[PDB]
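Asker: So that you have it, the file is my_file-v9.cif, and it contains mmCIF, C-alpha atoms:
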data_target
loop_
_atom_site.label_atom_id
_atom_site.label_comp_id
_atom_site.auth_asym_id
_atom_site.auth_seq_id
_atom_site.Cartn_x
_atom_site.Cartn_y
_atom_site.Cartn_z
CA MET L 1 -36.61 -12.39 31.70
CA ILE L 2 -37.58 -10.90 28.33
CA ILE L 3 -35.63 -13.22 26.02
CA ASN L 4 -37.20 -11.66 22.92
CA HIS L 5 -34.64 -8.84 22.73
CA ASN L 6 -31.05 -8.82 24.00
CA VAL L 7 -30.68 -5.23 25.20
CA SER L 8 -27.27 -5.85 26.78
CA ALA L 9 -26.11 -7.41 23.51
CA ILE L 10 -27.36 -4.33 21.65
CA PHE L 11 -25.34 -2.13 24.01
CA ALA L 12 -22.29 -4.41 23.95
CA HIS L 13 -22.37 -4.47 20.14
CA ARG L 14 -22.27 -0.66 19.93
CA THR L 15 -19.61 -0.26 22.63
CA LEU L 16 -17.45 -2.82 20.84
CA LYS L 17 -18.34 -1.14 17.53
CA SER L 18 -16.84 2.24 18.44
CA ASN L 19 -13.64 0.70 19.82
CA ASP L 20 -13.04 -1.10 16.52
CA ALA L 21 -13.44 2.16 14.60
CA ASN L 22 -11.13 3.87 17.09
CA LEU L 23 -8.69 0.96 16.81
CA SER L 24 -8.61 1.24 13.01
CA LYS L 25 -7.49 4.88 13.07
CA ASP L 26 -4.75 4.09 15.58
CA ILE L 27 -3.41 1.46 13.18
CA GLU L 28 -3.75 4.06 10.41
CA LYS L 29 -1.55 6.63 12.14
CA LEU L 30 1.11 4.14 13.26
CA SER L 31 1.41 2.70 9.75
CA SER L 32 1.67 6.01 7.87
CA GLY L 33 3.78 7.90 10.40
CA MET L 34 1.51 10.96 10.19
CA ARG L 35 -1.24 12.08 12.55
CA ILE L 36 -3.61 13.20 9.76
CA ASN L 37 -4.47 10.86 6.89
CA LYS L 38 -7.88 11.71 5.40
CA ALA L 39 -10.24 14.67 5.38
CA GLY L 40 -12.05 14.18 8.67
CA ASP L 41 -9.20 13.71 11.12
CA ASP L 42 -8.75 17.49 11.42
CA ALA L 43 -10.31 19.93 8.96
CA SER L 44 -8.16 22.88 10.06
CA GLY L 45 -4.95 20.92 10.62
CA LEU L 46 -4.87 19.68 7.04
CA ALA L 47 -5.30 23.21 5.66
CA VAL L 48 -2.60 24.65 7.92
CA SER L 49 -0.24 21.78 7.09
CA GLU L 50 -0.63 21.97 3.31
CA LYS L 51 0.27 25.66 3.20
CA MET L 52 3.41 24.87 5.20
CA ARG L 53 4.20 22.10 2.71
CA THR L 54 3.81 24.72 -0.02
CA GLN L 55 6.26 26.97 1.85
CA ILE L 56 8.76 24.14 2.38
CA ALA L 57 8.79 23.30 -1.33
CA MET U 1 -17.22 -7.07 13.43
CA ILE U 2 -16.91 -7.45 9.65
CA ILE U 3 -14.89 -10.54 8.76
CA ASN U 4 -15.42 -10.93 5.00
CA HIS U 5 -13.32 -7.80 4.43
CA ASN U 6 -10.72 -5.95 6.50
CA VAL U 7 -9.98 -2.31 5.71
CA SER U 8 -7.41 -1.94 8.51
CA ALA U 9 -5.14 -4.23 6.50
CA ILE U 10 -6.11 -2.45 3.27
CA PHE U 11 -4.88 0.96 4.41
CA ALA U 12 -1.77 -0.44 6.09
CA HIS U 13 -0.65 -2.34 2.99
CA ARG U 14 -1.25 0.61 0.66
CA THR U 15 0.67 2.71 3.18
CA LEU U 16 3.41 0.07 3.09
CA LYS U 17 3.30 0.01 -0.71
CA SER U 18 4.34 3.67 -0.91
CA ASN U 19 6.65 3.30 2.10
CA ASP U 20 8.65 0.65 0.24
CA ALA U 21 8.34 2.41 -3.12
CA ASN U 22 10.06 5.62 -2.04
CA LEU U 23 12.69 3.66 -0.11
CA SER U 24 13.68 2.16 -3.46
CA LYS U 25 14.32 5.63 -4.88
CA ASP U 26 16.43 6.44 -1.81
CA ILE U 27 18.73 3.51 -2.56
CA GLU U 28 19.00 4.63 -6.19
CA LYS U 29 20.56 8.00 -5.36
CA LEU U 30 22.69 6.71 -2.47
CA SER U 31 24.19 3.94 -4.59
CA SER U 32 24.54 6.08 -7.73
CA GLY U 33 25.54 9.35 -6.09
CA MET U 34 23.51 11.22 -8.74
CA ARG U 35 20.30 12.93 -7.63
CA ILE U 36 18.53 12.57 -10.99
CA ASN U 37 18.54 8.87 -11.92
CA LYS U 38 15.62 8.96 -14.38
CA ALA U 39 13.60 11.56 -16.24
CA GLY U 40 10.60 13.01 -14.44
CA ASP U 41 12.16 13.48 -11.01
CA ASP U 42 13.47 16.83 -12.27
CA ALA U 43 12.57 17.19 -15.94
CA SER U 44 14.05 20.63 -16.56
CA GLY U 45 16.80 20.03 -14.01
CA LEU U 46 17.94 16.94 -15.89
CA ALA U 47 17.57 18.77 -19.21
CA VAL U 48 19.67 21.73 -18.07
CA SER U 49 22.24 19.38 -16.53
CA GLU U 50 22.68 17.62 -19.88
CA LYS U 51 23.26 21.00 -21.53
CA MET U 52 25.78 21.74 -18.77
CA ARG U 53 27.50 18.38 -19.21
CA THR U 54 27.49 19.17 -22.93
CA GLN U 55 29.45 22.36 -22.21
CA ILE U 56 31.62 20.79 -19.49
CA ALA U 57 32.80 18.08 -21.87
CA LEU R 227 38.42 28.14 -20.54
CA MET R 228 39.52 26.28 -17.40
CA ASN R 229 37.83 28.76 -15.07
CA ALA R 230 34.52 28.61 -16.95
CA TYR R 231 34.64 24.81 -16.98
CA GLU R 232 35.31 24.73 -13.24
CA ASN R 233 32.34 27.03 -12.57
CA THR R 234 29.93 25.08 -14.78
CA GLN R 235 31.01 21.83 -13.10
CA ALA R 236 30.15 23.41 -9.75
CA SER R 237 26.90 24.63 -11.30
CA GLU R 238 26.06 21.22 -12.77
CA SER R 239 26.84 19.51 -9.46
CA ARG R 240 24.10 21.39 -7.59
CA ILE R 241 21.33 20.31 -9.96
CA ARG R 242 22.60 16.82 -10.81
CA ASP R 243 24.56 15.33 -7.91
CA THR R 244 23.07 14.35 -4.56
CA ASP R 245 23.99 14.99 -0.93
CA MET R 246 25.01 11.80 0.85
CA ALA R 247 24.43 13.38 4.27
CA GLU R 248 20.95 14.59 3.28
CA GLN R 249 19.71 11.46 1.53
CA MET R 250 20.71 9.12 4.37
CA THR R 251 18.39 11.05 6.70
CA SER R 252 15.51 10.51 4.28
CA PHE R 253 16.64 6.92 3.71
CA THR R 254 16.39 6.11 7.43
CA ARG R 255 12.98 7.80 7.51
CA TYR R 256 11.30 5.26 5.22
CA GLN R 257 13.26 2.33 6.67
CA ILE R 258 11.67 2.85 10.09
CA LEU R 259 8.37 3.68 8.38
CA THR R 260 8.74 0.40 6.49
CA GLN R 261 8.97 -1.64 9.69
CA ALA R 262 6.18 0.30 11.41
CA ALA R 263 3.72 -0.14 8.53
CA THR R 264 4.76 -3.80 8.40
CA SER R 265 4.30 -4.33 12.15
CA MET R 266 0.84 -2.74 12.11
CA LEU R 267 -0.17 -4.82 9.09
CA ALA R 268 0.47 -7.97 11.13
CA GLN R 269 -1.59 -6.48 13.96
CA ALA R 270 -4.51 -5.84 11.60
CA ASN R 271 -4.35 -9.50 10.52
CA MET R 272 -4.60 -10.71 14.12
CA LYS R 273 -7.49 -8.29 14.71
CA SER R 274 -10.29 -10.34 13.16
CA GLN R 275 -9.55 -13.55 15.10
CA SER R 276 -11.09 -12.03 18.24
CA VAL R 277 -14.68 -12.59 17.02
CA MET R 278 -14.31 -16.40 17.00
CA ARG R 279 -14.70 -16.61 20.79
CA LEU Q 227 21.57 -4.18 -22.71
CA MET Q 228 21.92 -3.97 -18.93
CA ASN Q 229 19.43 -1.11 -18.68
CA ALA Q 230 16.65 -2.86 -20.60
CA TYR Q 231 17.27 -6.01 -18.55
CA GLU Q 232 16.52 -4.25 -15.26
CA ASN Q 233 13.43 -2.49 -16.63
CA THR Q 234 11.98 -5.54 -18.39
CA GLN Q 235 12.49 -7.58 -15.21
CA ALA Q 236 10.56 -4.97 -13.22
CA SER Q 237 7.71 -5.05 -15.74
CA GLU Q 238 7.66 -8.86 -15.60
CA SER Q 239 7.96 -9.13 -11.82
CA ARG Q 240 4.94 -6.87 -11.30
CA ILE Q 241 2.65 -9.20 -13.26
CA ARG Q 242 4.29 -12.41 -11.99
CA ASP Q 243 5.74 -12.09 -8.48
CA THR Q 244 3.22 -11.74 -5.67
CA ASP Q 245 3.01 -9.15 -2.90
CA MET Q 246 3.51 -11.15 0.29
CA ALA Q 247 1.90 -8.53 2.55
CA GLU Q 248 -1.34 -8.27 0.58
CA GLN Q 249 -1.47 -12.03 0.02
CA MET Q 250 -1.08 -12.72 3.74
CA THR Q 251 -4.15 -10.52 4.28
CA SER Q 252 -6.45 -12.57 2.04
CA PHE Q 253 -4.99 -15.82 3.40
CA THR Q 254 -5.69 -14.83 7.01
CA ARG Q 255 -9.16 -13.63 5.99
CA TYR Q 256 -10.14 -16.91 4.34
CA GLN Q 257 -8.78 -18.96 7.25
CA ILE Q 258 -11.25 -17.33 9.66
CA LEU Q 259 -14.16 -17.85 7.26
CA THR Q 260 -13.33 -21.57 7.21
CA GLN Q 261 -13.53 -21.66 11.01
CA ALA Q 262 -16.72 -19.60 10.75
CA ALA Q 263 -18.59 -22.08 8.54
CA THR Q 264 -17.19 -25.05 10.46
CA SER Q 265 -18.61 -23.55 13.66
CA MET Q 266 -21.96 -23.02 11.92
CA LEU Q 267 -21.81 -26.44 10.23
CA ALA Q 268 -21.55 -28.08 13.66
CA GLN Q 269 -24.52 -26.06 14.92
CA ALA Q 270 -26.80 -27.07 12.04
CA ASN Q 271 -26.28 -30.73 12.91
CA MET Q 272 -27.25 -30.25 16.56
CA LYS Q 273 -30.24 -28.14 15.45
CA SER Q 274 -31.96 -31.17 13.89
CA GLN Q 275 -32.20 -32.87 17.30
CA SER Q 276 -34.88 -30.56 18.73
CA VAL Q 277 -38.11 -32.00 17.29
CA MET Q 278 -36.60 -35.51 17.42
CA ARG Q 279 -37.37 -35.78 21.15
#
Taking this structure as input, can you express it in the form of structure tokens?
Answerer:
Amino acid sequence: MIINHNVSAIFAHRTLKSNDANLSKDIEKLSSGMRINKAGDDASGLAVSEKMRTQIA
Amino acid sequence: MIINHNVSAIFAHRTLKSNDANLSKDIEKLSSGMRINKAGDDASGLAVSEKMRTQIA
Amino acid sequence: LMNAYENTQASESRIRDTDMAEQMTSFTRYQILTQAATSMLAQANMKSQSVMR
Amino acid sequence: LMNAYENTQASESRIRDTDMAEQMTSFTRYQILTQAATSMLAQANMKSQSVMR
């Protein structure tokens, strides 16, 4: 075995890494009660929503 | 994972901070029965209402 | 005088007074949002313990 | 008198009373760090026994 580098640990670190980032956004949307929180969740959806919020006001 | 700081709890608490904050203003109007409890919520609405209450009295 | 007073009181009510039916709907909105943001905050606390193993 | 009492109390409570939700976050954070160093503290003691064979 090539003990010098842990290739499986490199892969496992990245696979775990993405799930944590995905997990964080799920906690974001359940806490705030809205599907879009920051610029980056949906570029178009924010722009469509804000105009509707202008109409509602 | 990053353990020295946790931004999942940061966003949730700041979300909770404004969740509780607006709930306080909901109790104000429900208990009072008056929609404008303090100045700023409707600055000109409160101002016109005072001029109306001036005439009503 | 009475008629004008009655009309201004109706006019002042719209701006100044609140709707009990309307505000309760908004009141229950944040109350559930309060619990949800609280429940997820506890979940975020438990999140970081998983790296100990 | 009653109005200033409520407002002064709010101003005081902000600087004095603590937010339980935010405080629980830092408390749970520091608890894991204590288990982190304790785990590493144990390792550093067993490390010294390599060359001592």
Asker: Kindly provide, as JSON, the centre and edge lengths (Å, one decimal) of an axis-aligned box around all atoms of region 28-33 of chain L given in the file, with 8 Å on each side.
Answerer:
{"center_x": 0.0, "center_y": 5.3, "center_z": 10.6, "size_x": 23.5, "size_y": 21.2, "size_z": 21.4}
Asker: Would you please work out which residue, of U:8, U:57, U:48, U:2, is nearest to residue 237 (chain R) when using all atoms listed in the file?
Answerer: U:48
Asker: Kindly provide, as an NGL selection string, the polymer residues lying within 6 Å of (-6.4, -1.7, 13.8), counting only C-alpha atoms and using the coordinates exactly as they appear in the file.
Answerer: (:L and (23-24 or 27)) or (:U and (8)) or (:R and (270))
Asker: Would you save the residues from that selection as a PDB file, in the frame of the given file, using C-alpha atoms?
Answerer:
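So again_26.pdb came out as:
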ATOM      1  CA  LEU L  23      -8.690   0.960  16.810  1.00  0.00           C
ATOM      2  CA  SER L  24      -8.610   1.240  13.010  1.00  0.00           C
ATOM      3  CA  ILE L  27      -3.410   1.460  13.180  1.00  0.00           C
TER       4      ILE L  27
ATOM      5  CA  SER U   8      -7.410  -1.940   8.510  1.00  0.00           C
TER       6      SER U   8
ATOM      7  CA  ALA R 270      -4.510  -5.840  11.600  1.00  0.00           C
TER       8      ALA R 270
END
Asker: Can you tell me which residues surround residue 34 (chain U) at a distance of at most 8 Å, considering all atoms listed in the file, apart from same-chain residues fewer than 2 positions away, and format the answer as a ChimeraX atom specification?
Answerer: /U:29-30,32,36-37 /R:242-244
Asker: Name the residues that the PyMOL selection byres ((chain U) within 7 of (chain R)) pulls out of this structure, and write them as a ChimeraX atom specification.
Answerer: /U:3,8-9,12-13,15-16,19-20,23,26,29-30,33-36,45-46,49,52,56
Asker: When you draw a straight line from CA of residue 31 (chain L) to CA of residue 54 (chain L), how long is it in Å?
Answerer: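 Distance reported for this atom pair: 24.2 Å.
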Asker: Rounded to one decimal place, report the CA of residue 236 (chain R)-CA of residue 38 (chain U) distance in Å.
Answerer: 21.0 Å
Asker: Output chain L as a PDB file with C-alpha atoms, in the frame of the given file, after least-squares fitting it to chain U on all in-order C-alpha pairs.
Answerer:
ATOM      1  CA  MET L   1     -17.129  -6.943  13.313  1.00  0.00           C
ATOM      2  CA  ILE L   2     -17.285  -7.233   9.517  1.00  0.00           C
ATOM      3  CA  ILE L   3     -14.644  -9.926   8.973  1.00  0.00           C
ATOM      4  CA  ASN L   4     -15.452 -10.146   5.257  1.00  0.00           C
ATOM      5  CA  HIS L   5     -13.132  -7.268   4.321  1.00  0.00           C
ATOM      6  CA  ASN L   6     -10.009  -6.066   6.138  1.00  0.00           C
ATOM      7  CA  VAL L   7     -10.214  -2.305   5.609  1.00  0.00           C
ATOM      8  CA  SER L   8      -7.301  -1.570   7.951  1.00  0.00           C
ATOM      9  CA  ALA L   9      -5.222  -4.140   6.068  1.00  0.00           C
ATOM     10  CA  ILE L  10      -6.151  -2.426   2.796  1.00  0.00           C
ATOM     11  CA  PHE L  11      -4.975   0.893   4.241  1.00  0.00           C
ATOM     12  CA  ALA L  12      -1.866  -0.608   5.850  1.00  0.00           C
ATOM     13  CA  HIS L  13      -0.943  -2.301   2.562  1.00  0.00           C
ATOM     14  CA  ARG L  14      -1.054   1.006   0.657  1.00  0.00           C
ATOM     15  CA  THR L  15       0.774   2.988   3.350  1.00  0.00           C
ATOM     16  CA  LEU L  16       3.498   0.342   3.409  1.00  0.00           C
ATOM     17  CA  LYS L  17       3.390   0.260  -0.406  1.00  0.00           C
ATOM     18  CA  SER L  18       4.364   3.914  -0.861  1.00  0.00           C
ATOM     19  CA  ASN L  19       7.190   3.711   1.686  1.00  0.00           C
ATOM     20  CA  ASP L  20       8.754   0.815  -0.226  1.00  0.00           C
ATOM     21  CA  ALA L  21       8.647   2.814  -3.461  1.00  0.00           C
ATOM     22  CA  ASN L  22      10.102   5.806  -1.620  1.00  0.00           C
ATOM     23  CA  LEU L  23      12.725   3.544  -0.037  1.00  0.00           C
ATOM     24  CA  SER L  24      13.776   2.186  -3.439  1.00  0.00           C
ATOM     25  CA  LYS L  25      14.588   5.639  -4.826  1.00  0.00           C
ATOM     26  CA  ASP L  26      16.624   6.500  -1.737  1.00  0.00           C
ATOM     27  CA  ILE L  27      18.723   3.385  -2.340  1.00  0.00           C
ATOM     28  CA  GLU L  28      18.941   4.448  -5.997  1.00  0.00           C
ATOM     29  CA  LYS L  29      20.430   7.858  -5.230  1.00  0.00           C
ATOM     30  CA  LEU L  30      22.869   6.605  -2.582  1.00  0.00           C
ATOM     31  CA  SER L  31      24.175   3.885  -4.902  1.00  0.00           C
ATOM     32  CA  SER L  32      24.689   6.064  -7.992  1.00  0.00           C
ATOM     33  CA  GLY L  33      25.929   9.197  -6.239  1.00  0.00           C
ATOM     34  CA  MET L  34      23.587  11.413  -8.280  1.00  0.00           C
ATOM     35  CA  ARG L  35      20.246  12.920  -7.305  1.00  0.00           C
ATOM     36  CA  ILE L  36      18.616  12.298 -10.713  1.00  0.00           C
ATOM     37  CA  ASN L  37      18.700   8.846 -12.302  1.00  0.00           C
ATOM     38  CA  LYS L  38      15.747   8.353 -14.671  1.00  0.00           C
ATOM     39  CA  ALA L  39      13.277  10.545 -16.520  1.00  0.00           C
ATOM     40  CA  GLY L  40      10.708  11.190 -13.813  1.00  0.00           C
ATOM     41  CA  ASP L  41      12.844  12.329 -10.900  1.00  0.00           C
ATOM     42  CA  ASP L  42      12.938  15.889 -12.279  1.00  0.00           C
ATOM     43  CA  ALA L  43      11.912  16.723 -15.841  1.00  0.00           C
ATOM     44  CA  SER L  44      13.491  20.193 -15.803  1.00  0.00           C
ATOM     45  CA  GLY L  45      16.570  19.269 -13.772  1.00  0.00           C
ATOM     46  CA  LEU L  46      17.668  16.657 -16.288  1.00  0.00           C
ATOM     47  CA  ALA L  47      17.372  19.121 -19.185  1.00  0.00           C
ATOM     48  CA  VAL L  48      19.282  21.845 -17.340  1.00  0.00           C
ATOM     49  CA  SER L  49      21.968  19.370 -16.269  1.00  0.00           C
ATOM     50  CA  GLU L  50      22.568  17.856 -19.707  1.00  0.00           C
ATOM     51  CA  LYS L  51      23.209  21.242 -21.309  1.00  0.00           C
ATOM     52  CA  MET L  52      25.764  21.957 -18.580  1.00  0.00           C
ATOM     53  CA  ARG L  53      27.366  18.581 -19.309  1.00  0.00           C
ATOM     54  CA  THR L  54      27.524  19.669 -22.950  1.00  0.00           C
ATOM     55  CA  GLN L  55      29.239  22.901 -21.865  1.00  0.00           C
ATOM     56  CA  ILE L  56      31.702  21.066 -19.605  1.00  0.00           C
ATOM     57  CA  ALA L  57      32.758  18.744 -22.427  1.00  0.00           C
TER      58      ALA L  57
END
Asker: Could you check the closest approach to chain U for each of L:50, L:55, L:42, L:28 and tell me which residue wins, using all atoms listed in the file?
Answerer: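 Among the listed residues, L:28 lies closest to chain U.
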Asker: Distance CA of residue 278 (chain Q)-CA of residue 1 (chain L), one decimal place?
Answerer: 27.2 Å
Asker: Have region 29-40 of chain U completed to N, CA and C atoms, please, and pass it along as an mmCIF file, in the coordinates of the input.
Answerer:
data_model
loop_
_atom_site.group_PDB
_atom_site.id
_atom_site.type_symbol
_atom_site.label_atom_id
_atom_site.label_comp_id
_atom_site.auth_asym_id
_atom_site.auth_seq_id
_atom_site.Cartn_x
_atom_site.Cartn_y
_atom_site.Cartn_z
ATOM 1 N N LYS U 29 19.671 6.843 -5.418
ATOM 2 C CA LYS U 29 20.560 8.000 -5.360
ATOM 3 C C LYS U 29 21.773 7.721 -4.478
ATOM 4 N N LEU U 30 21.574 7.018 -3.361
ATOM 5 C CA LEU U 30 22.690 6.710 -2.470
ATOM 6 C C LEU U 30 23.722 5.825 -3.152
ATOM 7 N N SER U 31 23.263 4.804 -3.878
ATOM 8 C CA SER U 31 24.190 3.940 -4.590
ATOM 9 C C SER U 31 24.819 4.654 -5.781
ATOM 10 N N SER U 32 24.017 5.401 -6.543
ATOM 11 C CA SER U 32 24.540 6.080 -7.730
ATOM 12 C C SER U 32 25.382 7.292 -7.354
ATOM 13 N N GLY U 33 24.935 8.070 -6.372
ATOM 14 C CA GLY U 33 25.540 9.350 -6.090
ATOM 15 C C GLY U 33 25.044 10.480 -6.974
ATOM 16 N N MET U 34 24.095 10.215 -7.868
ATOM 17 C CA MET U 34 23.510 11.220 -8.740
ATOM 18 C C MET U 34 22.043 11.398 -8.377
ATOM 19 N N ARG U 35 21.637 12.651 -8.158
ATOM 20 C CA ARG U 35 20.300 12.930 -7.630
ATOM 21 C C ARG U 35 19.212 12.628 -8.647
ATOM 22 N N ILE U 36 19.496 12.804 -9.932
ATOM 23 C CA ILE U 36 18.530 12.570 -10.990
ATOM 24 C C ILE U 36 18.934 11.274 -11.691
ATOM 25 N N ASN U 37 18.275 10.175 -11.322
ATOM 26 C CA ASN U 37 18.540 8.870 -11.920
ATOM 27 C C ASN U 37 17.732 8.644 -13.188
ATOM 28 N N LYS U 38 16.487 9.113 -13.220
ATOM 29 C CA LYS U 38 15.620 8.960 -14.380
ATOM 30 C C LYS U 38 14.896 10.269 -14.654
ATOM 31 N N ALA U 39 14.369 10.382 -15.869
ATOM 32 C CA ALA U 39 13.600 11.560 -16.240
ATOM 33 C C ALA U 39 12.284 11.603 -15.480
ATOM 34 N N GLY U 40 11.841 12.819 -15.172
ATOM 35 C CA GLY U 40 10.600 13.010 -14.440
ATOM 36 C C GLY U 40 10.818 13.518 -13.030
#
